[PDB]
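>>> structure for the following, please:
(7 chains)
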Amino acid sequence: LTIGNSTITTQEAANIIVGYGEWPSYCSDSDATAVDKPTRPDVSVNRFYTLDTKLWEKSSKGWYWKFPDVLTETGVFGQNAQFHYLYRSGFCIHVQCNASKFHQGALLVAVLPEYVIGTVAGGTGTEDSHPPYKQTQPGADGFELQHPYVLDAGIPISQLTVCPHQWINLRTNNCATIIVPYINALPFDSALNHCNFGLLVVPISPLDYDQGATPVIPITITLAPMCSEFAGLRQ
Amino acid sequence: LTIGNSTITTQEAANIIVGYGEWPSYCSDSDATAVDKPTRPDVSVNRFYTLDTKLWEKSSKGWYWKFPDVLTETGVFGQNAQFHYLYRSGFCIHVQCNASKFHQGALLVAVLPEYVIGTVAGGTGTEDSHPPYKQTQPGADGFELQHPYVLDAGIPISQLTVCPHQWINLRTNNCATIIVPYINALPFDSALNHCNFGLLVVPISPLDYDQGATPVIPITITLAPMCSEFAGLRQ
Amino acid sequence: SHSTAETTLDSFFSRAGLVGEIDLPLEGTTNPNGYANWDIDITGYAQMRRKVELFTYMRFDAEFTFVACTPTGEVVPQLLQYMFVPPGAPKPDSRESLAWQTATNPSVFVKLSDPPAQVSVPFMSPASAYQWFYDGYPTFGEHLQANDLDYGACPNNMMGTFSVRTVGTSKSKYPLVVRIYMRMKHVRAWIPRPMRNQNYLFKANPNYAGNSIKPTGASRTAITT
Amino acid sequence: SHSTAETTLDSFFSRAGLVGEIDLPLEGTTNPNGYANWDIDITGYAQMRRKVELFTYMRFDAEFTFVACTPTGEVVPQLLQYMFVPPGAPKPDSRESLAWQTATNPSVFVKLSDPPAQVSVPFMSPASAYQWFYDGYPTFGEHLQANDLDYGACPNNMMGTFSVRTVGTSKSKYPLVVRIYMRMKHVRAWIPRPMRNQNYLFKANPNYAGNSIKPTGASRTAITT
Amino acid sequence: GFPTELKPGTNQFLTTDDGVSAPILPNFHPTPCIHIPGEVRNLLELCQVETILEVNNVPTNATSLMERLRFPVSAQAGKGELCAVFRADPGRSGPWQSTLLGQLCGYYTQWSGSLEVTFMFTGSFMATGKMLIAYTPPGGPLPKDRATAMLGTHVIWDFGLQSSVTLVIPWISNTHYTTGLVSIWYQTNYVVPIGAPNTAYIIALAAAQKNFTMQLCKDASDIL
Amino acid sequence: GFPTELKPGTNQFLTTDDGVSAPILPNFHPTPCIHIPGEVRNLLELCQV
Amino acid sequence: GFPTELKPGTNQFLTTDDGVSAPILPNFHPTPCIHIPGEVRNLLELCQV
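Numbers count the residues shown, from 1 in each chain, chains lettered A, B, ... in the order given. Structure data below:
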């Protein structure tokens, strides 16, 4: 893939894995879904937007993101899609971790479409609900889980692999690349209001060093959205 | 049309519009509608009937006509349709208004098949009914509307365009010509008892002058009946 | 939803609607005789008139269903009589009238225990199509000046009428209620008209009020949404 | 056992499950009226919810069956009315509502003597497929922060609602109970999910307890079988 | 003879049940179907006919009830704001209830399609000026000003193209919020020579084009 | 007409019987089946992941 | 056996119903249709006399 500004080169072992087995496509619209024609080049906004890199402690318990969201005030992607009426796109996302040959651990990069992340509070002591407002727009840094075993959704990682996933074993792979197409009932919904998609990077073997060695492990996420769908509006 | 007495030359603006998409036809009777033969030369009755021209002031609110009736003591036609047993014809009617290019307004000439126009009185204070006399049998002179928004029929002009219509906007066209075929459940009904058909000429932008200009604007009606059908009776 | 099937006249009109609710108490204040004529109006299903006065001429068959019950809803072993009499044929006057035995008046005999009868009434008019309003006097020939309120109604638009009995020489045993549902089939319509905007006053003419209502107002001013 | 017939989604789903238990007593304090609206939840069959949360999006037609009896089980000579009203359509508020006579609301008249009514409801959603949970606030456009309990639930996943009456102007004579069974037909599903492991609290969000249980425990130690 | 098992739905009366029923008069041959010119076999034919749009849904007096089809332009306001045609959703309560389209949509539930709104100018022959019509898609609020509206879908209408101007809104849908907005702005003042009324009028009539489709039938009328 | 004898199983309601029932909305045409990428037509597909 | 749903109009007696009913004497052979000259098959022929 030599499309964009600067890449990050790998020895390209077959850690490549496509969402459900079929590539992200464009919209097949030479019929009548919209008489106005959204127009989209492959390299305008398909820049390699690399998020903030995050730390991995022993007591880290996994992290999640939402994707139509994550680009809002993020990149020229967010500066246009907020103003555009409708959105659709595939992704090439690269979760990359840099570690030593003395470190041991296990990460599980997995991909999940409709991610309803809960959640609950205490009980019925004072109030029964209050899910957070800041639940959407988790920043590149955010956010930590609460109960990773159930993904704060009452759903087990034990079977998380049933969704398109990919392993990062510091024994073998420090790099993983997974591609997802667009996934929705409608070929066009709006973006920031509905996050079509969620990404998880959760450790299973919770890492161990022997001290005197850098205790923090970088998990750098690198994104490249393919087959987007836009045109332009006002401001 | 160079068929008849005197014609009227026009620059043939895109005023052409046919009733419902079909030319007025004659009678097909090699079936079993009548062993009797209706008789009509093509040049017998096709004279250009121009009625009296009516005035259009700012306080004008529209007029309507009924067509089989309007010819009674009207023309040699009414002197002809009154004696016959059965009637059938389409019409080609030419509505022409002459105004200045300093005058402005907007007319909607429209034609309506079965036109039952009411009507009602006050309440139950003085009279409860009194259905109208000259409601049917409208002379050339008549008739003025009463409440144009509902065509005195509880029916909105807002959707009058659903019927065969044509606009006269003094911005562009001052002339309109519209053709109607025969339209009834029976191919032959009687004339003087039932007016199968109604014509409306309603202003929406009720004309405006700048004073010092003649405040009366003429809406001249001209009629030309195609495909009549008769044979002969007594006297 | 790329399909125009729900915009067909048939799909737009095909639905058994309640158009008749006939009450037969054991004895009471409705009809102490044990006998009822139902002139067959389509307007019984209220909204239907506007729904069909979209057009001038249209044409259809009619499939009627007869659900009869007690006012309680108790289903009861009663044997009753449905009679459809053609436009030409006369209507019965008494419970013991002869019209009930007149063969040319098609009759239906079912029990309430037996599931609702289901019949079809064809296109009865001598015209090519039904007609909702006649821009003329329904009198053929020279006019009579006795009255002139006889306006707009086309008389050969009557598609018959239905009559009901609790069969027998003696009076009924149970208080009964018959309901009639109308379904329109092979629909063909013709000349399209603008749709009604006022309330109706009478049920034979497009009459209106001495004060016009507006199909939408309260918009303040043209600038404010 | 070499056959993939019982591993198709259809065989996995083709079975009428009880989803409705509506009581219409002679009189009491649930609904003293003789009248009940039944919003059409599939969650009525308890286990079905986890059974369908195996996937994200799925799609099917639905065959409904209505068995009615007394709380005793006495089958009773009563004629009742089932009315299905679409998602858009309004629900009746009173027993004597006008909505019962509204034609665009398909209605069913059966007796308890008559075997249970059976109708088929097609795929209703304006979407191409159903959706069990919407990872967004269901408003298109700007967010409304007046309320935020409106989360995850997709409203056009609602496939209508059912209403029941004891037919008649007067109240019923007998105490009745209607039971509703749903069978899913041409089922096609899509995106696979891990299956639920904790208990449900609400029916609009996959919320869980403030203390996690374990989908299997009591294993003593890894060495001992 | 022939064996049979009766199945549920037996003896049931379904209002929308479509079957062939017992004919009451089987020997009867009805009056023949002769050809009558204007005929409809689909309501969309009606959904596609251009009909008047009551933008000026302001006055409620029968003497001023006619003012709704019409909406004015005058030499008073300059380069400012004249009129938004309000929401661009026909079946929704508003100006569109005047259109035939808006009414038949009231006989259904949710729709999807494209609309075109042709505007007609009724002023004098000698009048000249400019108007820019600006559509504002759902989600995006009404453009603050002219300069804000120009950066989007908009058409500068001059009375050189006097006859009309057709504005086609691409796509609208009902998915059970915020809808499309059409705004009409004074690009410039209504200039006239002497002898012309310092005020003129516009009539707006609209319809849906051919990709327009509708949903399930639903009834809600006026009479009771 | 065509002679018929009712046989046992008449008027019986079987929860798992596979028959065609009366359609509630015979005029209704649902939104089209557009292609959604990941699809399952057999649960065995899950047994293999 | 063969599945069936009974529809409304069931058990109804319609006076103008055109059906074939059970024959009372199926083995009976009625006297043959010998030819008698003047015959009418339609009432309109009378309308023309």
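
>>> quick one: contacts for residue E:100?
Shown in contact with residue E:100 (C-beta atoms under 8 Å, 6 or more residues apart in numbering or on different chains): B:159, B:162, C:194-195, E:46-47, E:49, E:51, E:207. For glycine as for every other residue, the C-beta is placed from the backbone atoms N, C-alpha and C.

>>> where along chain A do the helices fall?
A:67-70, A:75-81 (DSSP state H).

>>> highest average neighbour count across those helices?
helix A:67-70 (a mean of 24; mean count of other C-beta atoms under 10 Å in any protein chain shown).

>>> next one: the most centrally placed residue in chain C from residue C:180, what distance?
In chain C, the residue lying closest to the centroid (C-alpha atoms, centre = their mean) is residue C:41, at 2.4 Å. Separation of residue C:41 from residue C:180 (C-beta to C-beta, to the nearest Å) stands at 11 Å.

>>> shared neighbours, those two?
Contact with both residue C:41 and residue C:180 is made by residues residue C:19, according to C-beta under 8 Å, 6+ apart.

>>> ok, the closest residue to chain D within chain C - how many residues close by?
Nearest residue of chain C to chain D: residue C:73, at 3.6 Å (C-beta to the nearest C-beta). Neighbourhood size, residue C:73 [other C-beta atoms under 10 Å in any protein chain shown]: 25.

>>> which non-adjacent residue is nearest it?
residue D:168 (3.6 Å; C-beta to C-beta, 6 or more residues apart in numbering or on different chains).

>>> got the contact list for the one you found?
C:69-73, C:177.

>>> of those residues, which is the most crowded?
Of all those, residue C:73 has the most neighbours under the rule other C-beta under 10 Å, reaching 25 neighbours.

>>> surely it meets residue D:76?
No - counting by C-beta atoms under 8 Å, residue C:73 stays clear of residue D:76, with 10.5 Å between them.

>>> got a list of what the one residue sitting closest to the centre of chain A touches?
For chain A, the residue nearest the mean C-alpha position is residue A:199 (3.6 Å; C-alpha atoms, centre = their mean). Residues near residue A:199 by C-beta under 8 Å, 6+ apart: A:64-67, A:93, A:109-112, A:221.

>>> now, among the residues you listed, which is nearest to chain G?
Nearest to chain G out of these is residue A:112 (C-beta to the nearest C-beta; 44.5 Å).

>>> residues from chain E in reach of chain F?
Residues of chain E found near chain F, taking C-beta under 8 Å from any C-beta of the partner chain as the criterion, are E:1-10, E:12, E:14, E:16-18, E:216-217.

>>> please repeat the previous calculation with a cut-off of 10 Å.
Proximity of chain E to chain F, by C-beta under 10 Å from any C-beta of the partner chain, involves residues E:1-12, E:14-19, E:110, E:112, E:213, E:215-217.

>>> the residue nearest to the centre of chain C reaches residue C:161, doesn't it?
Yes - the criterion here is C-beta atoms under 10 Å, and residue C:41 meets it with residue C:161 at 9.4 Å.

>>> is the residue of chain C closest to chain D in contact with residue D:110, as I believe?
No - assessed by C-beta under 10 Å, residue C:73 is found out of contact with residue D:110, at 11.7 Å.

>>> and residue C:164, what are its phi and psi?
Main-chain torsions, residue C:164, degrees, to the nearest 10: phi -130, psi 140.

>>> now it: how far from chain E?
In this structure, residue C:164 and chain E are 15 Å apart, going by C-beta to the nearest C-beta, to the nearest Å.

>>> same question for residue C:98.
Distance from residue C:98 to chain E, by C-beta to the nearest C-beta: 21 Å.

>>> CA atoms of stretch A:178-191 as CSV?
The C-alpha atoms that make up stretch A:178-191 are tabulated as CSV, following Å, rounded to 0.1, in the frame of the first residue of the first chain:
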residue,chain,number,x,y,z
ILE,A,178,-6.8,-5.5,10.1
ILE,A,179,-9.2,-4.1,7.4
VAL,A,180,-12.9,-3.4,7.9
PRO,A,181,-15.5,-2.4,5.3
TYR,A,182,-18.7,-0.4,6.0
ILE,A,183,-21.2,-2.2,8.2
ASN,A,184,-24.7,-0.9,8.5
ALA,A,185,-28.4,-1.6,7.7
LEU,A,186,-28.6,1.5,5.6
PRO,A,187,-26.0,2.3,3.0
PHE,A,188,-25.9,5.8,4.4
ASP,A,189,-26.5,6.9,8.0
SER,A,190,-25.0,10.0,9.6
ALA,A,191,-21.6,9.9,11.3
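
>>> hmm, that stretch touching chain E?
Yes - applying C-beta under 10 Å from any C-beta, one finds stretch A:178-191 touching chain E at A:186, A:188-190.

>>> just the residues you listed that are near chain D?
Answer for the residues of stretch A:178-191 next to chain E near chain D (C-beta under 10 Å from any C-beta): A:186, A:189-190.

>>> output those residues as CSV; include the columns neighbour count.
What follows is those, written out as CSV (neighbours: other C-beta atoms under 10 Å in any protein chain shown):
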residue, neighbour count
A:186, 19
A:189, 20
A:190, 19
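
>>> from those residues, pick the one nearest chain C.
residue A:186 (12.3 Å).

>>> so the closest one touches residue D:134, yeah?
No - assessed by C-beta under 10 Å, residue A:186 is found out of contact with residue D:134, at 11.3 Å.

>>> alright, I will stop here.
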